[PDB]
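Take a look at the structure set out below.
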Amino acid sequence: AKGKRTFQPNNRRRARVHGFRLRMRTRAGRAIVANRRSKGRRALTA
Amino acid sequence: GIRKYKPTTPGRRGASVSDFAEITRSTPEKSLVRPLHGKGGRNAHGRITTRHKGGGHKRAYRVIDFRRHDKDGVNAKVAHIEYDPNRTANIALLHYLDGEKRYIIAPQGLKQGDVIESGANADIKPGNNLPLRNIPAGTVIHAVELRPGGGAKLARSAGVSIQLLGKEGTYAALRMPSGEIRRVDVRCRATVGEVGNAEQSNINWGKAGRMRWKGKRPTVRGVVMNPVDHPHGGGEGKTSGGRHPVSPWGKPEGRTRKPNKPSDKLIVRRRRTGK
RNA sequence: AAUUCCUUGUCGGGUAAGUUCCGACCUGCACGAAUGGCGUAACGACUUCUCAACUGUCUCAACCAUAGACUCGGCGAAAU
RNA sequence: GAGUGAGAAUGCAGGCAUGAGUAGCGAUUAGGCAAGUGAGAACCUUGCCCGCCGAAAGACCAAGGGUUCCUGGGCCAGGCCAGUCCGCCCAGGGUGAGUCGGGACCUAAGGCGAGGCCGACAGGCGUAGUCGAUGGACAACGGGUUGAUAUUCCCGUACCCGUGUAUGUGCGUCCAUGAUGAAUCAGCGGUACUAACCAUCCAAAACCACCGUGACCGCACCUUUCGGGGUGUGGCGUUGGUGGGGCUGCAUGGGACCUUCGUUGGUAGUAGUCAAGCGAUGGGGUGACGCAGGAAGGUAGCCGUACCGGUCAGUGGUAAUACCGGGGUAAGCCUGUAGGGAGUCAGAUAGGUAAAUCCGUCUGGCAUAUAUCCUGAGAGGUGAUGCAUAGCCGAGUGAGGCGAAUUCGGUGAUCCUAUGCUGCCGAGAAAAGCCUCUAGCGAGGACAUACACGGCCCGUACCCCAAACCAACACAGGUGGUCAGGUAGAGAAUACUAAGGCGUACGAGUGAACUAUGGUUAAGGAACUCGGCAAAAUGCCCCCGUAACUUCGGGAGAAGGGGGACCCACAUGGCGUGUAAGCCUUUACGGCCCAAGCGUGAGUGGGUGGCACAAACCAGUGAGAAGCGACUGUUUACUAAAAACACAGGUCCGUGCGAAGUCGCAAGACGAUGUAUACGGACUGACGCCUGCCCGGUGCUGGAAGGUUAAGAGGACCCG
RNA sequence: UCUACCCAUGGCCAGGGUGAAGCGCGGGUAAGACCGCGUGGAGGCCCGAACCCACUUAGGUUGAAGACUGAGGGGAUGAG
RNA sequence: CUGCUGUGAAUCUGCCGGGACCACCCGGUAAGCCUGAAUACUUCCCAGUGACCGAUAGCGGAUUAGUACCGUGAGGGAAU
Ligand SMILES: [Mg+2]
Ligand SMILES: [Mg+2]
Ligand SMILES: [Mg+2]
Ligand SMILES: [Mg+2]
Ligand SMILES: [Mg+2]
Ligand SMILES: [Mg+2]
Ligand SMILES: [Mg+2]
Ligand SMILES: [Mg+2]
Ligand SMILES: [Mg+2]
Ligand SMILES: [Mg+2]
Ligand SMILES: [Mg+2]
Ligand SMILES: [Mg+2]
Ligand SMILES: [Mg+2]
Ligand SMILES: [Mg+2]
Ligand SMILES: [Mg+2]
Ligand SMILES: [Mg+2]
Ligand SMILES: [Mg+2]
Ligand SMILES: [Mg+2]
Ligand SMILES: [Mg+2]
Ligand SMILES: [Mg+2]
Ligand SMILES: [Mg+2]
Ligand SMILES: [Mg+2]
Ligand SMILES: [Mg+2]
Ligand SMILES: [Mg+2]
Ligand SMILES: [Mg+2]
Ligand SMILES: [Mg+2]
Ligand SMILES: [Mg+2]
Ligand SMILES: [Mg+2]
Ligand SMILES: [Mg+2]
Ligand SMILES: [Mg+2]
Ligand SMILES: [Mg+2]
Ligand SMILES: [Mg+2]
Ligand SMILES: [Mg+2]
Ligand SMILES: [Mg+2]
Ligand SMILES: [Mg+2]
Ligand SMILES: [Mg+2]
Ligand SMILES: [Mg+2]
Ligand SMILES: [Mg+2]
Ligand SMILES: [Mg+2]
Ligand SMILES: [Mg+2]
Ligand SMILES: [Mg+2]
Ligand SMILES: [Mg+2]
Ligand SMILES: [Mg+2]
Ligand SMILES: [Mg+2]
Ligand SMILES: [Mg+2]
Ligand SMILES: [Mg+2]
Ligand SMILES: [Mg+2]
Ligand SMILES: [Mg+2]
Ligand SMILES: [Mg+2]
Ligand SMILES: [Mg+2]
Ligand SMILES: [Mg+2]
Ligand SMILES: [Mg+2]
Ligand SMILES: [Mg+2]
Ligand SMILES: [Mg+2]
Ligand SMILES: [Mg+2]
Ligand SMILES: [Mg+2]
Ligand SMILES: [Mg+2]
Ligand SMILES: [Mg+2]
Ligand SMILES: [Mg+2]
Ligand SMILES: [Mg+2]
Ligand SMILES: [Mg+2]
Ligand SMILES: [Mg+2]
Ligand SMILES: [Mg+2]
Ligand SMILES: [Mg+2]
Ligand SMILES: [Mg+2]
Ligand SMILES: [Mg+2]
Ligand SMILES: [Mg+2]
Ligand SMILES: [Mg+2]
Ligand SMILES: [Mg+2]
Ligand SMILES: [Mg+2]
Ligand SMILES: [Mg+2]
Ligand SMILES: [Mg+2]
Ligand SMILES: [Mg+2]
Ligand SMILES: [Mg+2]
Ligand SMILES: [Mg+2]
Ligand SMILES: [Mg+2]
Ligand SMILES: [Mg+2]
Ligand SMILES: [Mg+2]
Ligand SMILES: [Mg+2]
Ligand SMILES: [Mg+2]
Ligand SMILES: [Mg+2]
Ligand SMILES: [Mg+2]
Ligand SMILES: [Mg+2]
Ligand SMILES: [Mg+2]
Ligand SMILES: [Mg+2]
Ligand SMILES: [Mg+2]
Ligand SMILES: [Mg+2]
Ligand SMILES: [Mg+2]
Ligand SMILES: [Mg+2]
Ligand SMILES: [Mg+2]
Ligand SMILES: [Mg+2]
Ligand SMILES: [Mg+2]
Ligand SMILES: [Mg+2]
Ligand SMILES: [Mg+2]
Ligand SMILES: [Mg+2]
Ligand SMILES: [Mg+2]
Ligand SMILES: [Mg+2]
Ligand SMILES: [Mg+2]
Ligand SMILES: [Mg+2]
Ligand SMILES: [Mg+2]
Ligand SMILES: [Mg+2]
Ligand SMILES: [Mg+2]
Ligand SMILES: [Mg+2]
Ligand SMILES: [Mg+2]
Ligand SMILES: [Mg+2]
Ligand SMILES: [Mg+2]
Ligand SMILES: [Mg+2]
Ligand SMILES: [Mg+2]
Ligand SMILES: [Mg+2]
Ligand SMILES: [Mg+2]
Ligand SMILES: [Mg+2]
Ligand SMILES: [Mg+2]
Ligand SMILES: [Mg+2]
Ligand SMILES: [Mg+2]
Ligand SMILES: [Mg+2]
Ligand SMILES: [Mg+2]
Ligand SMILES: [Mg+2]
Ligand SMILES: [Mg+2]
Ligand SMILES: [Mg+2]
Ligand SMILES: [Mg+2]
Ligand SMILES: [Mg+2]
Ligand SMILES: [Mg+2]
Ligand SMILES: [Mg+2]
Ligand SMILES: [Mg+2]
Ligand SMILES: [Mg+2]
Ligand SMILES: [Mg+2]
Ligand SMILES: [Mg+2]
Ligand SMILES: [Mg+2]
C-alpha cells in the first residue's frame with residue numbers, strides 16, 4: 001500500500017540545492033543565472 | 001581464553017566468544033580517548049574505494065604510545081589491562097612514576113603491577129622497550145619500527161611476534177610474522193615479547209549479524225554478476241567464470257608488488273607460498 | 001536423478017483402477033568429488049506425494065439480505 | 001512578382017456532432033420528524049430521537065500550506081444534484097513573550113575554505129578558521145478573559161540575566177603588623193654535559209684448515225673396444241661455502257680529570273616576597289554518553305467511600321433504605337525520607353606548551369565510621385482567607401450574583417527515583433557551560449539590604465492521518481511526534497461504551513435476469529480440479545500425557561484425553577494491603593505485628609438451568625514421506641520471493657606498509673588513526689565423512705646457456 | 001525531496017511464553033565427569049498487536065487508485 | 001612556417017631564402033619593440049523605407065508574455 005510520491009517539499013533543502021548562493025558559488029550556476037536573466041524570467045532561482 | 005556457546009539457537013550453534021580474562025577494567029581512561037566516526041569505506045570523493053565496510057558498532061579511539069621514546073629510564077607500573085575495539089590485541093594503561101598515563105599494546109603474560117622500563121639500559125623482561133641495538137640477537141620482539149623514529153609498524157596484531165635473527169653493521173636482520181626476513185636500521189626502537197590475546201583467532205563468529213556488528217558487509221561474488229559488472233559474470237546457469245580468475249577490474253592473479261621499490265635492497269628473503 | 005532422449009525402462013508398495021510418488025535395479029543419450037561428492041537434526045507463505053478431519057469444490061443446486069443493474073427527479077461524460 | 005489552388009500526411013489549431021440524455025455521481029456509519037428561514041430547502045439553522053468512531057473518525061504539534069481563521073455580506077463560476085450553505089466570492093478585522101520554539105550560546109556528519117599544495121588553462125583537494133541540529137547548556141506556573149491570540153494579555157504567586165542609587169557589615173591599598181625563603185666572605189663533599197677511560201653489538205685490511213671447482217685440462221676411469229655421455233679427486237683457478245685468532249676500527253651504554261650542585265662560622269629574615277579583590281582564550285576535572293534485564297519505593301490515573309447537594313423519571317415494587325451528581329487546586333519556597341554515590345590528612349614531585357597551592361604519581365599517620373558529605377522519587381507544610389466546582393437563583397438574547405462537602409481506603413502504570421543498579425560484548429559523539437589552578441590585572445574590592453529600572457530580533461491566526469500537506473480532483477493511497485477514561489480482557493487485540501467528535505455533499509423507489517459481498521443448506525463427502533484453488537475446519541485456560549529422529553539445544557503446543565456455567569457451603573478461611581490496639585528503639589518523614597476496612601485466586605463437597613457454560617467478538621488443522629537450500633535474513637518499486645543472492649565455516653592468491661587494492665591528470669583520500677591471528681581479491685558455502693588421476697593446452701610464478709628482436713651508438717661501401 | 005547504499009544525531013517496538021551461561025545447595029566421584037534443585041535473565045529465541053513487508057485469492061481493470069481494496073499471510077530485541 | 005625533446009655556430013671573403021641537395025648567381029639582413037587608414041559587427045539611441053506580415057499571420061509575446069501554467073531542477077511555455 002505504499003503511496004509515497006516523488007515530491008516532498010522542504011523549503012530549506014530546496015534552497016540549499018537550488019538556491020541563489022549555490023548557483024553563484026560555481027561557474028555553470030552563474031552561467032544559468034545569467035541565462036535566465038537574459039531570457040527574462042521573473043524568478044532566476046529558487 | 002575461549003568460551004563456546006551452547007547451541008540454544010541456530011545462530012549460536014557453533015559460535016564462541018573470548019574469555020575476557022586479562023581484561024581487568026571495563027571502562028577506558030578518559031583523558032586518552034579521541035572521537036572516532038565511521039567512514040563507510042568511502043574516500044574524499046564520497047565514493048566507495050574499499051567495498052564491504054559499513055554499519056558496525058560505534059567505537060572510540062585509544063591513544064597508544066607507538067613511539068615510546070620520551071620516557072627513558074622512567075619506570076611505569078601497569079595500571080590496567082583493558083579492551084580496545086580498534087585492535088585485536090588488548091591495551092595496557094601504564095602509570096609512569098613521574099605521574100603520566102599512557103597506553104601500550106599488551107604483550108603476552110603481562111600482569112598488573114609489573115614494572116616496565118625503557119632505554120638502552122632496560123632489562124629484557126617482556127613489556128620493556130629499547131632499541132634493537134641493545135636486545136640480544138635471538139629475542140622475540142613485537143611492535144618494531146621501520147625507520148628510526150617513525151613508531152611501531154611491525155608485529156602488533158594479536159598473538160604475533162618477530163624473531164631478531166642477528167645484526168650486521170648498522171642493520172638488524174629479523175623475520176616478519178609472515179616468514180619474510182627484512183633488515184631494519186639498528187637505531188630503531190622495539191618492545192620485547194610476543195603479543196597477547198593469541199587465542200582470539202580461534203573464535204567462531206557464529207552468525208552474519210555478529211560479523212555485521214564489526215563493520216563488515218556482505219561480499220557478492222563475480223560468478224553471479226552480469227558481464228557488465230564483473231569479468232566473471234555472465235552465462236546461463238552456474239559458471240566457473242568461463243575465464244582465468246580476475247579481480248572486479250580485470251586484473252589477473254599474480255605478483256603485485258611494485259618492481260624496483262627502494263626498500264627492495266632491505267629484503268633478504270621474501271615470504272614462502274604454500275609448502 | 002531439478003540430470004534418462006530412448007521411456008509410461010524393470011520389480012515391489014500404494015489405488016477398484018498408479019505416465020506422478022516411495023524403495024531399489026544399472027543400458028550414467030549426456031552424475032561425480034570446493035563451478036565440491038554423499039549424508040544430515042532444526043528451519044521454509046519453497047517444489048512434490050499421501051492419510052485423518054472438514055466442508056456448496058462437486059453430485060446439483062435452492063433460498064435470504066446488501067451494493068449495482070432496473071424505474072423516477074437532478075447533473076452529466078468516454079473510447080469510437 | 002508569387003507565402004497562388006487540399007480531401008486524405010494515425011497532419012496542426014479552433015468550434016461542433018456520434019455513443020447519449022447513456023455510464024457514472026468516489027467505500028465498507030444511517031438517518032428521521034417537528035419547527036424556522038427564505039422566491040425557492042432531502043442537503044442550511046434549532047430542538048428531540050436514531051445510529052457510527054472512541055489507541056479515534058478525540059486532543060495537541062512538527063514539516064508542508066498561506067489567510068483557508070473571525071465578523072458582516074453574497075449566491076454568477078466551483079461543490080460530481082439543489083443550496084438560503086460552504087475550506088468558494090467580497091470587505092473589514094485578527095497572531096502581543098526576559099522564561100515557549102529558534103537566533104544573539106556550543107559543536108556532529110558535512111559544507112565552504114585566508115594563506116596552501118596540486119593541475120596546460122578551466123579547475124581538485126585542503127590547513128587555520130567559519131558555518132551547520134536531528135544533539136549539549138540555559139530562567140514560569142495555575143486560573144480568567146476575546147467573535148477571532150494566549151505558559152505571550154490580565155490576576156495570583158515565582159525564577160533568571162544586567163543596571164543605577166542610598167544605607168549595613170566589612171577585608172584593604174599607605175602606615176604598621178606577622179610570615180618570612182636567602183646571599184655574599186671564606187673553610188668544603190660529591191652529584192659533573194666536556195678529554196684520555198671501561199664494557200657491549202658489528203667488521204675495519206686480514207690468515208689457517210675441511211670441502212668443491214663457474215670453465216680448461218692431468219686424472220680412479222666406465223659404457224656397442226672408441227657411438228653420445230659421464231659418478232668422482234686434483235692443478236691453472238675461485239659462483240667459492242663453511243668453523244676457528246686478538247690487538248684492531250664504528251657505534252651503543254657507564255663512572256671519572258673537567259665543571260657544577262648542595263653545606264655553614266660570622267655579617268645580612270638587611271633588602272626583597274606573600275597576607276583585600278578579579279582572574280584567563282592557558283593547565284586540569286567534569287560535561288561525557290551502549291544494549292538488555294529486573295526488583296524495590298513512589299506518584300498520576302482509575303475504582304469505591306465518610307460527608308454534601310438533589311431526583312421521583314405518569315409501569316408491579318420502590319421516599320430514603322433506592323437512584324443521580326460533587327467528594328477540586330500548579331510552579332515556587334521550606335523540610336531532606338526510600339533509593340544511589342563518595343575515604344581522610346600531610347610531605348615530596350615537571351609529568352600536564354610557561355606557573356601551579358589544581359590534576360596525576362609515590363610515600364606515610366586515623367578510624368570503616370547508623371559518622372559526615374552529595375544526590376534524590378515521594379510524603380508533609382506553604383503557595384491557598386486566593387482560585388476553581390456540584391449546585392441555587394431572580395431571570396432571560398442571557399449578562400450577572402451566591403455557592404455545600406472535600407474523609408478514608410483499594411488498585412495501579414509503558415511515568416518518576418533512574419545519566420541509578422546488575423549482567424553483556426558488539427565495547428558505546430564533540431564543544432561550550434560549570435568548577436578549579438596559576439600567568440596576569442590590580443587600589444580598592446566582597447557579601448547584604450532597600451528603592452528605581454533595562455531585558456533585543458524571528459515565529460505564534462488556521463489546517464495538520466487531512467476536502468487546508470504529497471497525490472492533476474473536495475481522490476478508498478502516503479505522512480514524523482505527544483496524550484491514552486470504563487467494562488469484559490494477558491493486552492495499546494477484540495466487543496460495547498465515556499468525554500469528545502461525526503452521520504462527509506446526489507437522492508427517492510423497487511422481492512427481474514446477471515455481477516459483487518455476506519449467510520444457511522437434506523443425503524453424500526474431493527466423487528471437483530492442473531492442484532482441496534476457495535471455503536469449511538482446529539483455535540482459549542487449567543490438569544494429564546507425548547513418537548521416530550537428534551547436532552542432546554530440540555522435534556513439542558508433537559500426537560492424544562478430561563474439566564470450564566450459576567448458586568451455596570468449607571469460609572468472620574488462605575493470600576495481598578493495612579488503620580486502630582500493641583511491641584520495640586538510634587526517637588523519628590522510625591521498624592515489627594495486627595482487630596477492623598478493602599481487594600483477591602485456587603480448590604473441595606452439595607445443588608440448579610439449558611440443545612449448548614473458552615457461549616458473542618477474539619482465537620494453532622494435525623500427521624507421514626521425498627527434492628532443494630543448513631539456519632534468521634535479501635531480491636526483479638509495477639506479472640518471477642524462489643532451489644536464486646547473503647551468510648557463519650573452508651581454502652587459494654596477493655600485501656612488509658603514506659602496503660596491496662580502489663577514486664583521481666596530479667596533489668590527496670579511503671584501506672586504517674589498521675600492520676600478516678591484519679587488509680584486499682577469487683571460488684566454496686552450518687555441520688559430519690571425505691575430496692582420486694592428469695602440469696600436455698592456456699594462465700600464474702621462477703629461472704638463463706642459447707636463438708630472435710626497438711629506439712640509441714656506429715658510419716666501412718656507394719651516389720649527387 | 002522517489003529510490004540504492006553509506007554518515008551523524010534522535011525516537012519507537014501492546015501483551016504473554018521459554019528458560020542459556022554464571023552463581024549457590026546436595027548427591028556422586030582417589031579427585032572428576034555428571035545429575036536433581038534453586039536463583040539467573042541469554043537469544044539474528046517462540047506466539048502475537050503498533051510498525052515494516054507483500055505469499056494466496058477475489059474485486060478493480062475509460063478504476064476510489066498510472067499498482068490500490070477485502071479476506072487470509074511473513075517478520076515483529078533485530079543483518080529491525 | 002611551427003610546438004616538445006636532445007645537440008648546438010659564426011658577426012659580413014658572415015648568415016637566411018629562391019620546393020630534396022650541391023655549385024654559381026640573385027633577393028634580403030632573423031633571433032628587439034611601436035604603429036593611422038582602407039576591413040568586421042550592433043546591446044543601445046535617432047531618423048527613415050518596404051511589388052514585408054496583418055491577429056492560427058508577424059517576434060514566443062498587438063491583450064497580465066517569458067506572463068499564467070507544467071517541472072525538484074536545468075528547462076519547457078501558451079490563449080486572449
Ligand atoms: Mg508497493
Ligand atoms: Mg564534494
Ligand atoms: Mg572483502
Ligand atoms: Mg579488540
Ligand atoms: Mg575462525
Ligand atoms: Mg552458527
Ligand atoms: Mg567468505
Ligand atoms: Mg559471497
Ligand atoms: Mg561481471
Ligand atoms: Mg568484460
Ligand atoms: Mg550465470
Ligand atoms: Mg549449466
Ligand atoms: Mg522424479
Ligand atoms: Mg544427465
Ligand atoms: Mg518415466
Ligand atoms: Mg508400478
Ligand atoms: Mg523409486
Ligand atoms: Mg569454481
Ligand atoms: Mg557438473
Ligand atoms: Mg572442481
Ligand atoms: Mg552446493
Ligand atoms: Mg542427494
Ligand atoms: Mg534433509
Ligand atoms: Mg525465510
Ligand atoms: Mg515461493
Ligand atoms: Mg434440478
Ligand atoms: Mg441497490
Ligand atoms: Mg436518470
Ligand atoms: Mg500554399
Ligand atoms: Mg479543409
Ligand atoms: Mg484531416
Ligand atoms: Mg480536433
Ligand atoms: Mg450528443
Ligand atoms: Mg446503450
Ligand atoms: Mg442501461
Ligand atoms: Mg446508473
Ligand atoms: Mg460521496
Ligand atoms: Mg421543514
Ligand atoms: Mg460502537
Ligand atoms: Mg477504549
Ligand atoms: Mg485528532
Ligand atoms: Mg470559516
Ligand atoms: Mg451558485
Ligand atoms: Mg451546483
Ligand atoms: Mg452567510
Ligand atoms: Mg465563510
Ligand atoms: Mg527579563
Ligand atoms: Mg569542519
Ligand atoms: Mg584562494
Ligand atoms: Mg574543499
Ligand atoms: Mg551557529
Ligand atoms: Mg534541536
Ligand atoms: Mg483559536
Ligand atoms: Mg494560561
Ligand atoms: Mg567519552
Ligand atoms: Mg534496563
Ligand atoms: Mg510499583
Ligand atoms: Mg410507580
Ligand atoms: Mg455517588
Ligand atoms: Mg594531589
Ligand atoms: Mg507536595
Ligand atoms: Mg507562518
Ligand atoms: Mg499562539
Ligand atoms: Mg493555535
Ligand atoms: Mg504544522
Ligand atoms: Mg470529501
Ligand atoms: Mg488539493
Ligand atoms: Mg484521503
Ligand atoms: Mg507512518
Ligand atoms: Mg481499553
Ligand atoms: Mg480496537
Ligand atoms: Mg456526545
Ligand atoms: Mg426493479
Ligand atoms: Mg455467496
Ligand atoms: Mg450438505
Ligand atoms: Mg448433514
Ligand atoms: Mg482425502
Ligand atoms: Mg479426481
Ligand atoms: Mg487423489
Ligand atoms: Mg474428473
Ligand atoms: Mg486455502
Ligand atoms: Mg474460514
Ligand atoms: Mg505431552
Ligand atoms: Mg515430526
Ligand atoms: Mg497441544
Ligand atoms: Mg499501627
Ligand atoms: Mg509499648
Ligand atoms: Mg516497636
Ligand atoms: Mg438439560
Ligand atoms: Mg490462535
Ligand atoms: Mg533420497
Ligand atoms: Mg545446501
Ligand atoms: Mg533458504
Ligand atoms: Mg515483481
Ligand atoms: Mg519468502
Ligand atoms: Mg509477487
Ligand atoms: Mg539470485
Ligand atoms: Mg573465510
Ligand atoms: Mg582460486
Ligand atoms: Mg598504491
Ligand atoms: Mg596468506
Ligand atoms: Mg553455490
Ligand atoms: Mg563443505
Ligand atoms: Mg579436485
Ligand atoms: Mg592434472
Ligand atoms: Mg595442465
Ligand atoms: Mg602448464
Ligand atoms: Mg610446464
Ligand atoms: Mg615468465
Ligand atoms: Mg643514430
Ligand atoms: Mg535462568
Ligand atoms: Mg542454571
Ligand atoms: Mg525473535
Ligand atoms: Mg517463525
Ligand atoms: Mg510471530
Ligand atoms: Mg498469525
Ligand atoms: Mg501481522
Ligand atoms: Mg521490498
Ligand atoms: Mg504465490
Ligand atoms: Mg468493468
Ligand atoms: Mg467504487
Ligand atoms: Mg491483497
Ligand atoms: Mg490485508
Ligand atoms: Mg603589434
Ligand atoms: Mg501570434
Ligand atoms: Mg479576422
Ligand atoms: Mg505563439
Ligand atoms: Mg513550480
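For chain A, what relative contact order do you get, as a whole percent, if you take Cα pairs closer than 8 Å and at least 6 residues apart?
35 percent
Enumerate the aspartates and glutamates that residue B:261 could reach by cross-link, defined here as Cα to Cα under 18 Å, with residues fewer than 8 away along the same chain left out.
B:180, B:185
If the cut-off is 17 Å between C-alpha atoms, which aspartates and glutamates fall inside it for residue B:238, apart from same-chain ones fewer than 8 positions away?
Straight-line reach from residue B:238, under 17 Å: B:229.
Return a whole-number percent for the relative contact order of segment B:86-228, with Cα pairs under 8 Å and 6 or more residues apart as the contact set.
Once divided by the residue count of segment B:86-228, the mean separation gives 24 percent.
Which of the residue pairs B:77/B:167; B:111/B:207; B:6/B:216; B:111/B:265 have a Cα-Cα distance greater than 28 Å in the structure shown?
In this structure, B:77/B:167; B:111/B:207; B:111/B:265 exceed 28 Å between Cα atoms.
When only C-alpha pairs under 8 Å and at least 6 residues apart count, what is the relative contact order of chain B, in percent?
17 percent
From zero outward in steps of 5 Å, how is the percent of C-alpha pairs of segment B:180-264 spread across the bins?
3, 9, 11, 10, 9, 14, 17, 13, 8, 5, 2, 1, 0
Cα gyration tensor of chain A, axes a ≥ b ≥ c as square roots of the eigenvalues: rounded (a/c below 1.5), prolate (a/b > b/c) or oblate?
Prolate, since a/c reaches 1.5 and a/b exceeds b/c.
Along the positive direction of the dipole of segment B:169-225 (beta-carbon charges: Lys, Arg +1; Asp, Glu -1; about the Cα centre), which of B:225, B:190, B:208 reaches farthest?
B:225
How far apart, in nm, are the 7 Å Cα→Cβ label points at residue B:205 and residue B:260?
4.1 nm
Please state the charge dipole magnitude for the protein assembly as shown, taken about the Cα centre, from unit charges on C-beta atoms (+1 on K and R, -1 on D and E), reported in debye and rounded to the nearest 20.
The calculation lands at about 3320 debye.
Treat each spin label as a single point 7 Å out from the Cα along the C-beta direction, and report the residue B:44 to residue B:3 distance in nm.
Simple spin-label model gives 4.7 nm for this pair.
Once you put a point 7 Å from the Cα of residue B:125 and another 7 Å from the Cα of residue B:63, both along the Cβ direction, what distance in nm separates them?
Simple spin-label model gives 2.7 nm for this pair.
Would you please report the Å³ per residue occupied by the convex hull of the alpha carbon atoms in segment B:62-133?
90 Å³
Which of the peptides B:80-89, B:67-76, B:244-253 is most tightly packed, and how do the rest follow, judged by the mean count of other Cβ atoms within 10 Å per residue?
My ranking of the peptides, most packed first, is B:80-89, B:67-76, B:244-253.
Could you sort B:176-183, B:95-102, B:45-52 so that the peptide with the highest average Cβ count within 10 Å comes first and the rest follow in order?
B:176-183, B:95-102, B:45-52
Values quoted throughout were computed directly from the atomic coordinates according to the rules given, and no laboratory measurement underlies them. Ideal geometry is used to build each Cβ from the backbone, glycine not excepted, and the neighbour counts take in all protein chains shown.
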